[PDB]
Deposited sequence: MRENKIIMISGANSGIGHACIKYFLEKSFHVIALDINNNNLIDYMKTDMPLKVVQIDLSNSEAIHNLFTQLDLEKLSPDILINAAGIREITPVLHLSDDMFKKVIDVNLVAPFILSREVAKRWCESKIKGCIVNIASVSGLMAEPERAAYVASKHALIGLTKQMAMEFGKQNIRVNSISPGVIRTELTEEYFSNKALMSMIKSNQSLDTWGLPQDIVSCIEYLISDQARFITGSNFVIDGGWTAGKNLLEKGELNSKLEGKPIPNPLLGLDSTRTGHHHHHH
């Protein structure tokens, strides 16, 4: 059982399809589901929850439903995220906070909750946080985004230490520019990379597969940068 946030789009949605193909049971979290409706009509082992991850009450109601339905996820993938592009002086309090509530607070809460159940059961859990190269190098017009992505890397490290004794591994992936719904400008992207190729969702999906695998037994608290050389210098 693998629980994936941001399931309606981009990376999270490429994960939904990939992991259903390899016979995982998938719990999909997203605030929209227009791009999951078709799959909901099938008999695939797919539980879709509609949920505003910025509402921490709704996150409890999620865990109430999972407990009552007897779903303990084995893996959590925190991919849901938002990103502002607005001058910092135009960025309102609420919207700074929204970006924080989705990108940082929600991963923390979902992580505390799955980890509570894993601790209680002696299960060997796995968590992957999708941060960003904005968690390492800043960008203009992105105060909250950079802040939130730096915070999530930090959080990954902290929570790896908190739960390592229980063999719950917690890692992050920091994508560079990946072509999804979230994303002249193209030549600027390339001029800031080393590779002349576009980042795709499959590059992140593959990294997740590596990091949830048995081969990743000794991997915790690390940040895997998947960015075509953006952070190189």
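Absent C-alpha positions map to the deposited sequence ranges 1 to 5, 189 to 195, 246 to 282, in order along the chain.
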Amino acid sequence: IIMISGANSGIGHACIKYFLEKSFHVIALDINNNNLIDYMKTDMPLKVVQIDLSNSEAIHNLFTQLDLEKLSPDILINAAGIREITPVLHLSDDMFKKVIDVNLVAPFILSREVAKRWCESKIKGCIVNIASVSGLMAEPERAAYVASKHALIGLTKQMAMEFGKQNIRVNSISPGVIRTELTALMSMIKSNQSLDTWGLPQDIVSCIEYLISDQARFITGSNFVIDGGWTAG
From here on, numbers count along this sequence of modelled residues.
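The deposited model assigns a higher average Cα B-factor to 186 to 194 than to the other stretch when 186 to 194 and 200 to 208 are compared. Across the two stretches, 99 to 107 and 112 to 120, the PDB entry reports the greater mean Cα temperature factor for 112 to 120. Per the deposited coordinates, the residue with the largest Cα temperature factor out of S148, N129, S72, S132 is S72. Among the modelled residues of the chain, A14 sits in the middle third by CA temperature factor in this PDB entry.
The PDB entry assigns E181 a C-alpha temperature factor belonging to the highest third of its chain's modelled residues.
The entry lists a Cα temperature factor for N55 that places it in the lowest third of the chain's modelled residues. In the deposited entry, the Cα temperature factor of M40 sits in the top third of values across the chain's modelled residues. In the deposited entry, the Cα temperature factor of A7 places it in the middle third of its chain's modelled residues.
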